[PDB]
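Structure data follow from query26.cif (mmCIF, C-alpha atoms and all ligand atoms):
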data_protein
loop_
_atom_site.group_PDB
_atom_site.id
_atom_site.type_symbol
_atom_site.label_atom_id
_atom_site.label_comp_id
_atom_site.auth_asym_id
_atom_site.auth_seq_id
_atom_site.Cartn_x
_atom_site.Cartn_y
_atom_site.Cartn_z
ATOM 1 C CA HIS A 20 55.705 71.152 56.548
ATOM 2 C CA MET A 21 56.971 74.426 57.954
ATOM 3 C CA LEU A 22 59.772 74.352 55.351
ATOM 4 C CA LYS A 23 59.046 75.387 51.787
ATOM 5 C CA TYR A 24 60.526 72.352 50.010
ATOM 6 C CA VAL A 25 60.514 68.841 51.457
ATOM 7 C CA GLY A 26 61.093 65.576 49.666
ATOM 8 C CA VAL A 27 63.432 62.884 48.452
ATOM 9 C CA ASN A 28 66.146 62.101 45.961
ATOM 10 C CA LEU A 29 64.930 59.767 43.196
ATOM 11 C CA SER A 30 68.188 58.034 42.462
ATOM 12 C CA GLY A 31 68.916 55.956 39.371
ATOM 13 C CA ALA A 32 69.931 58.143 36.451
ATOM 14 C CA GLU A 33 73.398 58.649 37.941
ATOM 15 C CA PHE A 34 74.093 54.925 38.386
ATOM 16 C CA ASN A 35 77.070 53.168 36.864
ATOM 17 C CA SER A 36 78.712 56.506 36.238
ATOM 18 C CA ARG A 37 81.778 54.987 34.501
ATOM 19 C CA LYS A 38 79.522 53.955 31.591
ATOM 20 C CA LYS A 39 79.235 56.689 28.956
ATOM 21 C CA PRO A 40 76.722 57.050 27.441
ATOM 22 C CA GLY A 41 75.507 53.850 29.109
ATOM 23 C CA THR A 42 72.198 52.214 28.127
ATOM 24 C CA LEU A 43 68.833 53.207 29.581
ATOM 25 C CA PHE A 44 67.282 50.417 31.683
ATOM 26 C CA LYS A 45 70.558 48.468 31.773
ATOM 27 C CA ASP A 46 73.116 50.847 33.320
ATOM 28 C CA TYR A 47 70.752 53.540 34.690
ATOM 29 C CA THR A 48 67.098 54.448 34.824
ATOM 30 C CA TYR A 49 64.845 57.421 35.332
ATOM 31 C CA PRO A 50 62.145 57.280 37.980
ATOM 32 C CA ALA A 51 58.722 55.773 37.443
ATOM 33 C CA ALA A 52 55.834 58.248 37.318
ATOM 34 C CA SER A 53 54.374 56.294 40.220
ATOM 35 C CA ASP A 54 57.385 57.303 42.367
ATOM 36 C CA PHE A 55 56.350 60.967 42.059
ATOM 37 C CA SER A 56 52.712 60.277 43.014
ATOM 38 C CA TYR A 57 53.716 58.036 45.978
ATOM 39 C CA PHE A 58 55.898 60.767 47.482
ATOM 40 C CA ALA A 59 53.335 63.457 46.674
ATOM 41 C CA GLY A 60 50.866 61.343 48.657
ATOM 42 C CA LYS A 61 53.224 61.463 51.639
ATOM 43 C CA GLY A 62 53.221 65.292 51.570
ATOM 44 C CA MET A 63 56.451 65.704 49.694
ATOM 45 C CA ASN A 64 56.525 68.547 47.237
ATOM 46 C CA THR A 65 60.130 68.322 46.071
ATOM 47 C CA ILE A 66 62.115 65.716 44.161
ATOM 48 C CA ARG A 67 65.879 65.898 43.700
ATOM 49 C CA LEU A 68 66.802 64.209 40.441
ATOM 50 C CA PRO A 69 70.407 63.077 40.057
ATOM 51 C CA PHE A 70 71.651 62.739 36.480
ATOM 52 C CA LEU A 71 75.080 62.767 34.801
ATOM 53 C CA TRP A 72 76.768 65.602 33.010
ATOM 54 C CA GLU A 73 78.308 63.016 30.640
ATOM 55 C CA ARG A 74 74.856 61.657 29.718
ATOM 56 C CA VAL A 75 73.161 65.048 29.117
ATOM 57 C CA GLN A 76 76.197 66.669 27.342
ATOM 58 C CA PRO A 77 78.355 64.006 25.679
ATOM 59 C CA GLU A 78 81.021 66.511 24.519
ATOM 60 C CA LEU A 79 82.127 69.430 26.676
ATOM 61 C CA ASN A 80 80.855 72.736 25.301
ATOM 62 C CA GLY A 81 78.658 70.832 22.854
ATOM 63 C CA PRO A 82 74.936 70.328 22.323
ATOM 64 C CA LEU A 83 72.783 68.586 24.866
ATOM 65 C CA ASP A 84 71.713 65.032 24.178
ATOM 66 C CA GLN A 85 68.046 65.236 23.165
ATOM 67 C CA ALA A 86 67.115 61.714 24.350
ATOM 68 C CA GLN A 87 68.585 62.509 27.780
ATOM 69 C CA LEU A 88 66.859 65.871 27.888
ATOM 70 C CA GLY A 89 63.600 64.163 26.942
ATOM 71 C CA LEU A 90 63.946 61.810 29.915
ATOM 72 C CA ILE A 91 64.453 64.812 32.213
ATOM 73 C CA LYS A 92 61.418 66.557 30.668
ATOM 74 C CA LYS A 93 59.303 63.409 31.208
ATOM 75 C CA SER A 94 60.284 63.440 34.917
ATOM 76 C CA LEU A 95 59.426 67.172 35.039
ATOM 77 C CA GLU A 96 55.942 66.462 33.638
ATOM 78 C CA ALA A 97 55.368 63.910 36.394
ATOM 79 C CA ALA A 98 56.570 66.313 39.078
ATOM 80 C CA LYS A 99 54.371 69.142 37.758
ATOM 81 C CA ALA A 100 51.352 66.809 37.514
ATOM 82 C CA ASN A 101 51.875 65.985 41.213
ATOM 83 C CA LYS A 102 52.434 69.645 42.221
ATOM 84 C CA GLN A 103 56.097 69.031 42.916
ATOM 85 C CA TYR A 104 59.274 71.016 42.326
ATOM 86 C CA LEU A 105 62.126 69.266 40.522
ATOM 87 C CA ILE A 106 65.744 69.829 41.436
ATOM 88 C CA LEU A 107 68.026 69.125 38.471
ATOM 89 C CA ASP A 108 71.065 67.658 40.267
ATOM 90 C CA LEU A 109 74.124 67.523 38.045
ATOM 91 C CA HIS A 110 75.499 64.632 40.038
ATOM 92 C CA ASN A 111 79.159 64.930 39.185
ATOM 93 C CA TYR A 112 81.458 65.682 42.173
ATOM 94 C CA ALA A 113 83.082 68.504 40.203
ATOM 95 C CA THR A 114 84.319 66.022 37.543
ATOM 96 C CA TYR A 115 83.607 65.232 33.900
ATOM 97 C CA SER A 116 84.715 61.788 32.691
ATOM 98 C CA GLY A 117 86.891 61.400 35.785
ATOM 99 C CA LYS A 118 88.747 64.703 35.410
ATOM 100 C CA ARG A 119 88.330 67.544 37.895
ATOM 101 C CA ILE A 120 86.959 70.992 37.064
ATOM 102 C CA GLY A 121 89.881 73.434 36.919
ATOM 103 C CA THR A 122 92.184 71.030 35.105
ATOM 104 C CA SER A 123 93.143 71.753 31.487
ATOM 105 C CA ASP A 124 90.697 68.983 30.392
ATOM 106 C CA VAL A 125 87.679 70.539 32.161
ATOM 107 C CA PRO A 126 87.802 74.309 32.528
ATOM 108 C CA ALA A 127 85.362 75.978 34.902
ATOM 109 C CA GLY A 128 83.794 77.546 31.828
ATOM 110 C CA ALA A 129 82.638 74.140 30.616
ATOM 111 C CA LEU A 130 80.341 73.884 33.643
ATOM 112 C CA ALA A 131 78.997 77.362 32.902
ATOM 113 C CA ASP A 132 78.208 76.227 29.305
ATOM 114 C CA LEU A 133 76.334 73.153 30.604
ATOM 115 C CA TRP A 134 74.206 75.365 32.840
ATOM 116 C CA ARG A 135 73.625 78.000 30.208
ATOM 117 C CA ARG A 136 72.112 75.268 28.048
ATOM 118 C CA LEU A 137 69.951 73.763 30.801
ATOM 119 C CA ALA A 138 68.825 77.247 31.827
ATOM 120 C CA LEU A 139 67.719 77.994 28.236
ATOM 121 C CA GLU A 140 65.660 74.788 28.276
ATOM 122 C CA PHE A 141 64.037 75.312 31.682
ATOM 123 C CA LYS A 142 63.947 79.058 32.230
ATOM 124 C CA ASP A 143 60.217 79.376 31.601
ATOM 125 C CA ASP A 144 59.526 76.894 34.408
ATOM 126 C CA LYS A 145 58.711 77.676 38.038
ATOM 127 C CA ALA A 146 58.848 74.008 39.015
ATOM 128 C CA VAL A 147 62.544 73.679 38.073
ATOM 129 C CA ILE A 148 65.367 74.272 40.535
ATOM 130 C CA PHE A 149 68.993 74.215 39.377
ATOM 131 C CA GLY A 150 71.322 72.049 41.491
ATOM 132 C CA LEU A 151 74.666 73.229 40.155
ATOM 133 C CA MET A 152 76.879 70.322 41.288
ATOM 134 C CA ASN A 153 76.645 67.335 43.589
ATOM 135 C CA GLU A 154 79.394 67.323 46.228
ATOM 136 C CA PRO A 155 82.292 69.192 44.742
ATOM 137 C CA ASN A 156 85.589 68.059 46.272
ATOM 138 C CA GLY A 157 89.261 67.955 45.202
ATOM 139 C CA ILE A 158 89.141 71.698 44.490
ATOM 140 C CA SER A 159 89.872 74.588 46.877
ATOM 141 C CA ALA A 160 86.984 76.606 48.308
ATOM 142 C CA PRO A 161 88.069 79.773 46.425
ATOM 143 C CA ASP A 162 88.503 77.915 43.140
ATOM 144 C CA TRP A 163 85.134 76.216 43.508
ATOM 145 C CA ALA A 164 83.538 79.559 44.445
ATOM 146 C CA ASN A 165 84.962 81.042 41.178
ATOM 147 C CA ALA A 166 83.479 78.117 39.218
ATOM 148 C CA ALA A 167 80.120 78.557 40.986
ATOM 149 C CA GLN A 168 80.112 82.311 40.316
ATOM 150 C CA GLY A 169 80.735 81.653 36.624
ATOM 151 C CA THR A 170 77.862 79.199 36.573
ATOM 152 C CA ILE A 171 75.385 81.530 38.392
ATOM 153 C CA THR A 172 76.347 84.268 35.943
ATOM 154 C CA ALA A 173 75.839 82.027 32.932
ATOM 155 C CA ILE A 174 72.401 81.018 34.184
ATOM 156 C CA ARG A 175 71.275 84.588 34.851
ATOM 157 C CA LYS A 176 72.535 85.803 31.463
ATOM 158 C CA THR A 177 69.796 83.646 29.903
ATOM 159 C CA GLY A 178 67.054 85.555 31.771
ATOM 160 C CA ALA A 179 66.357 82.476 33.931
ATOM 161 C CA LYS A 180 65.005 83.458 37.349
ATOM 162 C CA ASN A 181 64.917 79.905 38.713
ATOM 163 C CA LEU A 182 66.227 79.047 42.195
ATOM 164 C CA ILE A 183 69.876 77.992 42.075
ATOM 165 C CA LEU A 184 71.266 75.654 44.746
ATOM 166 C CA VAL A 185 74.949 76.418 45.260
ATOM 167 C CA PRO A 186 77.215 73.860 47.025
ATOM 168 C CA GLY A 187 80.644 74.269 48.601
ATOM 169 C CA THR A 188 83.669 72.035 48.175
ATOM 170 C CA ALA A 189 84.591 69.316 50.745
ATOM 171 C CA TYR A 190 81.561 67.358 49.583
ATOM 172 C CA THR A 191 79.462 70.352 50.698
ATOM 173 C CA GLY A 192 79.231 68.996 54.249
ATOM 174 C CA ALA A 193 77.271 71.186 56.680
ATOM 175 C CA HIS A 194 79.608 70.046 59.503
ATOM 176 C CA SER A 195 82.812 71.285 57.780
ATOM 177 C CA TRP A 196 81.378 74.447 56.270
ATOM 178 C CA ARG A 197 83.413 76.737 58.528
ATOM 179 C CA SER A 198 86.573 74.642 58.772
ATOM 180 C CA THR A 199 89.835 76.465 58.121
ATOM 181 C CA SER A 200 92.144 73.509 58.945
ATOM 182 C CA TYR A 201 93.285 73.070 55.382
ATOM 183 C CA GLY A 202 92.932 76.699 54.218
ATOM 184 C CA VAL A 203 90.003 78.877 53.157
ATOM 185 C CA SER A 204 86.587 77.602 54.371
ATOM 186 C CA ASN A 205 83.432 77.257 52.313
ATOM 187 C CA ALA A 206 81.952 79.913 54.603
ATOM 188 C CA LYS A 207 84.647 82.445 53.717
ATOM 189 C CA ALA A 208 84.997 81.561 50.039
ATOM 190 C CA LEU A 209 81.280 81.729 49.249
ATOM 191 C CA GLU A 210 80.612 85.055 50.972
ATOM 192 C CA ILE A 211 81.729 86.821 47.838
ATOM 193 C CA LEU A 212 79.128 85.218 45.532
ATOM 194 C CA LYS A 213 76.763 87.551 43.737
ATOM 195 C CA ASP A 214 73.477 86.537 42.107
ATOM 196 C CA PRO A 215 71.965 89.313 40.013
ATOM 197 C CA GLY A 216 68.697 87.313 40.021
ATOM 198 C CA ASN A 217 68.584 87.268 43.817
ATOM 199 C CA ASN A 218 67.367 83.653 43.967
ATOM 200 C CA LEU A 219 70.093 81.525 45.450
ATOM 201 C CA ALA A 220 70.305 79.014 48.311
ATOM 202 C CA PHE A 221 73.316 77.144 49.647
ATOM 203 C CA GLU A 222 73.173 73.374 49.441
ATOM 204 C CA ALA A 223 74.769 71.351 52.218
ATOM 205 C CA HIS A 224 74.734 67.596 52.876
ATOM 206 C CA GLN A 225 74.861 65.899 56.241
ATOM 207 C CA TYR A 226 75.225 62.260 57.283
ATOM 208 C CA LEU A 227 75.457 61.116 60.856
ATOM 209 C CA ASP A 228 77.990 58.255 60.836
ATOM 210 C CA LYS A 229 81.526 58.598 62.243
ATOM 211 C CA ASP A 230 83.051 60.300 59.185
ATOM 212 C CA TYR A 231 79.782 61.877 57.951
ATOM 213 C CA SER A 232 80.007 59.843 54.723
ATOM 214 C CA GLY A 233 76.805 57.795 55.058
ATOM 215 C CA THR A 234 78.974 54.673 54.619
ATOM 216 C CA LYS A 235 77.577 53.028 57.764
ATOM 217 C CA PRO A 236 74.104 52.504 59.267
ATOM 218 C CA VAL A 237 75.111 54.226 62.487
ATOM 219 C CA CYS A 238 74.260 57.585 63.956
ATOM 220 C CA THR A 239 77.018 58.497 66.363
ATOM 221 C CA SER A 240 74.543 60.022 68.848
ATOM 222 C CA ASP A 241 70.869 60.871 69.188
ATOM 223 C CA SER A 242 71.644 64.606 68.694
ATOM 224 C CA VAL A 243 74.546 64.643 66.223
ATOM 225 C CA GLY A 244 72.450 65.799 63.238
ATOM 226 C CA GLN A 245 71.159 69.023 64.775
ATOM 227 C CA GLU A 246 74.627 69.702 66.252
ATOM 228 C CA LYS A 247 76.345 69.443 62.849
ATOM 229 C CA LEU A 248 73.831 71.814 61.231
ATOM 230 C CA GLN A 249 74.374 74.679 63.713
ATOM 231 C CA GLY A 250 77.499 76.324 62.224
ATOM 232 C CA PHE A 251 76.086 76.321 58.724
ATOM 233 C CA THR A 252 72.718 77.592 59.980
ATOM 234 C CA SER A 253 74.376 80.496 61.777
ATOM 235 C CA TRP A 254 76.439 81.322 58.627
ATOM 236 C CA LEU A 255 73.178 81.479 56.620
ATOM 237 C CA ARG A 256 71.730 83.877 59.172
ATOM 238 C CA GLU A 257 74.911 85.991 59.357
ATOM 239 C CA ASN A 258 74.893 86.427 55.586
ATOM 240 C CA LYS A 259 71.123 86.765 55.065
ATOM 241 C CA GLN A 260 71.138 83.611 52.939
ATOM 242 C CA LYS A 261 68.949 80.520 52.703
ATOM 243 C CA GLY A 262 70.030 76.881 52.899
ATOM 244 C CA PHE A 263 68.902 73.532 51.491
ATOM 245 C CA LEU A 264 69.819 70.113 52.868
ATOM 246 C CA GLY A 265 70.274 68.360 49.493
ATOM 247 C CA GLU A 266 71.167 65.000 51.044
ATOM 248 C CA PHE A 267 70.843 63.481 54.474
ATOM 249 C CA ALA A 268 69.941 60.066 55.817
ATOM 250 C CA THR A 269 69.645 57.984 58.955
ATOM 251 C CA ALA A 270 69.415 54.200 59.413
ATOM 252 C CA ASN A 271 66.482 52.307 60.813
ATOM 253 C CA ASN A 272 67.287 52.092 64.540
ATOM 254 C CA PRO A 273 66.273 53.894 67.711
ATOM 255 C CA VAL A 274 69.295 56.191 68.094
ATOM 256 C CA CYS A 275 69.071 57.179 64.414
ATOM 257 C CA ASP A 276 65.303 57.813 64.606
ATOM 258 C CA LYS A 277 65.873 60.176 67.560
ATOM 259 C CA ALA A 278 68.670 61.950 65.638
ATOM 260 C CA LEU A 279 66.425 62.251 62.579
ATOM 261 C CA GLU A 280 63.553 63.776 64.620
ATOM 262 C CA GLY A 281 66.042 66.165 66.215
ATOM 263 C CA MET A 282 67.487 67.386 62.920
ATOM 264 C CA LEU A 283 64.073 67.760 61.224
ATOM 265 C CA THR A 284 62.769 69.683 64.228
ATOM 266 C CA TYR A 285 65.909 71.822 64.262
ATOM 267 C CA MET A 286 65.417 72.830 60.616
ATOM 268 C CA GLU A 287 61.710 73.589 61.329
ATOM 269 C CA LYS A 288 62.712 75.833 64.258
ATOM 270 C CA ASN A 289 65.204 77.551 61.917
ATOM 271 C CA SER A 290 62.881 77.845 58.920
ATOM 272 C CA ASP A 291 63.857 81.521 58.529
ATOM 273 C CA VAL A 292 67.008 80.234 56.810
ATOM 274 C CA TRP A 293 66.269 76.572 55.955
ATOM 275 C CA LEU A 294 64.340 76.413 52.683
ATOM 276 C CA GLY A 295 64.063 72.669 52.796
ATOM 277 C CA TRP A 296 65.548 69.247 52.413
ATOM 278 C CA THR A 297 65.673 66.119 50.288
ATOM 279 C CA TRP A 298 66.346 62.734 51.828
ATOM 280 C CA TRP A 299 68.848 60.313 50.299
ATOM 281 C CA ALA A 300 67.185 58.296 48.783
ATOM 282 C CA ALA A 301 64.415 56.537 46.969
ATOM 283 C CA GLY A 302 64.238 55.087 43.459
ATOM 284 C CA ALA A 303 63.557 51.562 42.164
ATOM 285 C CA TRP A 304 67.156 50.284 41.913
ATOM 286 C CA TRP A 305 68.199 50.142 45.571
ATOM 287 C CA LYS A 306 68.431 46.666 46.978
ATOM 288 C CA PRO A 307 66.065 45.992 49.922
ATOM 289 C CA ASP A 308 69.053 45.947 52.381
ATOM 290 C CA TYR A 309 70.173 49.489 51.445
ATOM 291 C CA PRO A 310 69.964 51.150 54.854
ATOM 292 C CA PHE A 311 68.616 54.494 53.666
ATOM 293 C CA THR A 312 65.987 53.549 51.103
ATOM 294 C CA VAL A 313 62.521 55.058 51.427
ATOM 295 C CA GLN A 314 61.378 53.554 48.112
ATOM 296 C CA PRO A 315 58.086 51.818 48.890
ATOM 297 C CA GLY A 316 58.084 48.054 48.762
ATOM 298 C CA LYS A 317 56.870 46.022 45.816
ATOM 299 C CA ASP A 318 54.090 45.172 48.316
ATOM 300 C CA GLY A 319 53.136 48.922 48.538
ATOM 301 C CA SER A 320 54.397 49.277 52.133
ATOM 302 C CA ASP A 321 56.143 52.353 53.511
ATOM 303 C CA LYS A 322 59.779 52.089 54.593
ATOM 304 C CA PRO A 323 60.500 52.724 58.336
ATOM 305 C CA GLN A 324 62.019 56.217 57.995
ATOM 306 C CA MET A 325 59.073 57.472 55.896
ATOM 307 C CA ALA A 326 56.829 57.500 58.938
ATOM 308 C CA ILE A 327 59.116 60.185 60.427
ATOM 309 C CA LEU A 328 59.708 62.161 57.197
ATOM 310 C CA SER A 329 55.933 62.227 56.482
ATOM 311 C CA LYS A 330 55.321 63.926 59.880
ATOM 312 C CA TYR A 331 57.449 66.868 58.796
ATOM 313 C CA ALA A 332 55.823 67.031 55.322
HETATM 314 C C1 LIG A 401 74.648 59.947 47.906
HETATM 315 AS AS1 LIG A 401 76.302 60.909 47.576
HETATM 316 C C2 LIG A 401 76.934 61.295 49.384
HETATM 317 O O1 LIG A 401 77.470 60.032 46.716
HETATM 318 O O2 LIG A 401 76.107 62.459 46.817
HETATM 319 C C1 LIG A 402 75.938 57.225 48.440
HETATM 320 AS AS1 LIG A 402 75.847 56.707 50.315
HETATM 321 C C2 LIG A 402 77.714 56.742 50.922
HETATM 322 O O1 LIG A 402 74.822 57.830 51.178
HETATM 323 O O2 LIG A 402 75.135 55.131 50.351
#
Is it possible to give me this structure as structure tokens?
Ligand SMILES: C[As](C)(=O)[O-]
Ligand SMILES: C[As](C)(=O)[O-]
Amino acid sequence: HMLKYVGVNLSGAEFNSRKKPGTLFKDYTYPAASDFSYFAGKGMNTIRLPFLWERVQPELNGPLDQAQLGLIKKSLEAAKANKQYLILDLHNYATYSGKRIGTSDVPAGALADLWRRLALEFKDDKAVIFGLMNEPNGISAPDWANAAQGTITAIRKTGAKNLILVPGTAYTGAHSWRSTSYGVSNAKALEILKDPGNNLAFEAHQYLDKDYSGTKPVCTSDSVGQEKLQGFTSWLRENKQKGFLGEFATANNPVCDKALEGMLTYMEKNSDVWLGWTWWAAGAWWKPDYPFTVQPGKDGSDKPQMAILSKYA
């Protein structure tokens, strides 16, 4: 891989998000150790690990749940053992128990407290990357940027030097990064961020179906992925920043495979600003008909898209 960090999302800990706390192995799961070794064997050195704010911190501004933290630490041991980096993905869409950040119920400061606590736990660890928030939405780009700044600050106040992945609002889509249709763009709002630790990258997501939601197993053309990454890539370059494609996926068909090759090659050619990517998704709890799974079969076999991802790893 020409990019620094390449891998997959190991999805499962974020499942059944309405259930709080939920029960391990019934409502959600953490990944098997064997998942980490399988992907390591494919050349992948990075795992994005979704988990829920509500499960790791059952009361806002309160102590972390030690059982939940122990599960995260167990996954970290597996990643380290397999020479992988672990992205802690607070997989919450800028909400806590259904309420948006910025409301009276969930002040921006509550997210900063969460991250202060995780940073204190993981600061002495080079394998750990902090994924501040999965797909913020329902919040303006300036407001989200204020929340993100508060969180970066809280992390750095602990002495933590770990890489922080910072998303925008609008589900952090690469394609819409520069859009001013509805007001201030992610591009404009996030220009003012400061990281006194100088170890930040911007996380974008990109799907290739008609509304870029990953709702359908269709790629609208054989070049749409690379096309949708261009604006964001230029913004990174303009601002001397790095980027990370925290989620992307393509279905198993010829037009999608071409689009996937094109977007992976595009990020390789633009590796001055692309730090890496993590495919959505693997993990043991996807049904076999889920169009984007790269979880190996019960029979040990590789999924179709893995043959392409492995080439770029
Ligand atoms: C896999 As998603 C687009 O809900 O972060
Ligand atoms: C969470 As999805 C819309 O990429 O299956």
> Could you write out as a PyMOL selection string the residues that the PyMOL selection byres (((chain A and resi 126-129) around 9) and not hetatm) matches in the shown file?
Replying inline: chain A and resi 79-80+119-125+130-134+163+165-167+169-170
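With distances restricted to all atoms listed in the file, A:27 is the closest residue to ligand LIG 401 (chain A) from A:212, A:27, A:332, A:146.
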Once you count all atoms listed in the file, which residues end up within 10 Å of ligand LIG 401 (chain A), and could you hand them over as a compact mmCIF listing (two decimals) with C-alpha atoms, in the coordinates of the input?
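Contents of part07.txt, freshly written:
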# COMPACT_ATOMS: atom_id res chain seq x y z
CA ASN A 28 66.15 62.10 45.96
CA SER A 30 68.19 58.03 42.46
CA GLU A 33 73.40 58.65 37.94
CA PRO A 69 70.41 63.08 40.06
CA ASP A 108 71.06 67.66 40.27
CA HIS A 110 75.50 64.63 40.04
CA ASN A 111 79.16 64.93 39.18
CA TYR A 112 81.46 65.68 42.17
CA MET A 152 76.88 70.32 41.29
CA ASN A 153 76.64 67.33 43.59
CA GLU A 154 79.39 67.32 46.23
CA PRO A 155 82.29 69.19 44.74
CA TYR A 190 81.56 67.36 49.58
CA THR A 191 79.46 70.35 50.70
CA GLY A 192 79.23 69.00 54.25
CA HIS A 224 74.73 67.60 52.88
CA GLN A 225 74.86 65.90 56.24
CA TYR A 226 75.22 62.26 57.28
CA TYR A 231 79.78 61.88 57.95
CA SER A 232 80.01 59.84 54.72
CA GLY A 233 76.81 57.80 55.06
CA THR A 234 78.97 54.67 54.62
CA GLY A 265 70.27 68.36 49.49
CA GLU A 266 71.17 65.00 51.04
CA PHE A 267 70.84 63.48 54.47
CA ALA A 268 69.94 60.07 55.82
CA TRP A 298 66.35 62.73 51.83
CA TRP A 299 68.85 60.31 50.30
CA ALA A 300 67.18 58.30 48.78
CA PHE A 311 68.62 54.49 53.67
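Minimum atom-to-atom distance to residue 117 in chain A, evaluated using only C-alpha atoms, belongs to A:71 out of A:237, A:83, A:71, A:173.
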Centre and edges of the ligand LIG 402 (chain A) box, axis-aligned, 4 Å extra per side, as AutoDock Vina command-line options:
--center_x 76.3 --center_y 56.5 --center_z 49.8 --size_x 10.9 --size_y 10.7 --size_z 10.7
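When CA of residue 242 in chain A is paired with CA of residue 313 in chain A, their separation reads 21.7 Å.
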> Any chance you could work out the residue set of the PyMOL selection byres (((chain A and resi 186) around 7) and not hetatm) here, as JSON, numbers by chain?
Replying inline: {"A": [152, 154, 184, 185, 187, 188, 191, 221, 222, 223]}
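Our summary of the geometry notes that CA of residue 29 in chain A is positioned 11.4 Å from CA of residue 98 in chain A.
Remark: for ligand LIG 402 (chain A), the closest of the candidate residues A:256, A:261, A:235, A:197 is A:235 (distances computed over all atoms listed in the file).
Of the listed residues A:109, A:327, A:227, A:138, the one whose atoms come nearest to ligand LIG 402 (chain A) is A:227, with distances taken using only C-alpha atoms and all ligand atoms.
Among the candidates A:275, A:270, A:164, A:303, the one nearest to ligand LIG 402 (chain A) when counting only C-alpha atoms and all ligand atoms is A:270.
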>> Neighbouring residues of residue 324 in chain A were defined as those with any atom within 9 Å, considering all atoms listed in the file; residues of the same chain fewer than 2 positions away were excluded. Please report them as a PyMOL selection string.
In response: chain A and resi 269-271+276+279+311-313+321-322+326-329
>> If the PyMOL selection byres (((chain A and resi 50-55) around 10) and not hetatm) were run on this exact file, what residues would it hold? Put them as a PyMOL selection string.
In response: chain A and resi 27+29-32+47-49+56-60+63-66+68+90-91+93-103+301-304+314-315
For the selection you just gave me, I'd like the residues written to a file as an mmCIF file, keeping the file's coordinate frame, keeping C-alpha atoms.
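Now in part15.cif:
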data_model
loop_
_atom_site.group_PDB
_atom_site.id
_atom_site.type_symbol
_atom_site.label_atom_id
_atom_site.label_comp_id
_atom_site.auth_asym_id
_atom_site.auth_seq_id
_atom_site.Cartn_x
_atom_site.Cartn_y
_atom_site.Cartn_z
ATOM 1 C CA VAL A 27 63.432 62.884 48.452
ATOM 2 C CA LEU A 29 64.930 59.767 43.196
ATOM 3 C CA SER A 30 68.188 58.034 42.462
ATOM 4 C CA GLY A 31 68.916 55.956 39.371
ATOM 5 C CA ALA A 32 69.931 58.143 36.451
ATOM 6 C CA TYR A 47 70.752 53.540 34.690
ATOM 7 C CA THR A 48 67.098 54.448 34.824
ATOM 8 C CA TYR A 49 64.845 57.421 35.332
ATOM 9 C CA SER A 56 52.712 60.277 43.014
ATOM 10 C CA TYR A 57 53.716 58.036 45.978
ATOM 11 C CA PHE A 58 55.898 60.767 47.482
ATOM 12 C CA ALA A 59 53.335 63.457 46.674
ATOM 13 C CA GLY A 60 50.866 61.343 48.657
ATOM 14 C CA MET A 63 56.451 65.704 49.694
ATOM 15 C CA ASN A 64 56.525 68.547 47.237
ATOM 16 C CA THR A 65 60.130 68.322 46.071
ATOM 17 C CA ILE A 66 62.115 65.716 44.161
ATOM 18 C CA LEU A 68 66.802 64.209 40.441
ATOM 19 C CA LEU A 90 63.946 61.810 29.915
ATOM 20 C CA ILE A 91 64.453 64.812 32.213
ATOM 21 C CA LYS A 93 59.303 63.409 31.208
ATOM 22 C CA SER A 94 60.284 63.440 34.917
ATOM 23 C CA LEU A 95 59.426 67.172 35.039
ATOM 24 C CA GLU A 96 55.942 66.462 33.638
ATOM 25 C CA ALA A 97 55.368 63.910 36.394
ATOM 26 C CA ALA A 98 56.570 66.313 39.078
ATOM 27 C CA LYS A 99 54.371 69.142 37.758
ATOM 28 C CA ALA A 100 51.352 66.809 37.514
ATOM 29 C CA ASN A 101 51.875 65.985 41.213
ATOM 30 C CA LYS A 102 52.434 69.645 42.221
ATOM 31 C CA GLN A 103 56.097 69.031 42.916
ATOM 32 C CA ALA A 301 64.415 56.537 46.969
ATOM 33 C CA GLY A 302 64.238 55.087 43.459
ATOM 34 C CA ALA A 303 63.557 51.562 42.164
ATOM 35 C CA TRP A 304 67.156 50.284 41.913
ATOM 36 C CA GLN A 314 61.378 53.554 48.112
ATOM 37 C CA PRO A 315 58.086 51.818 48.890
#
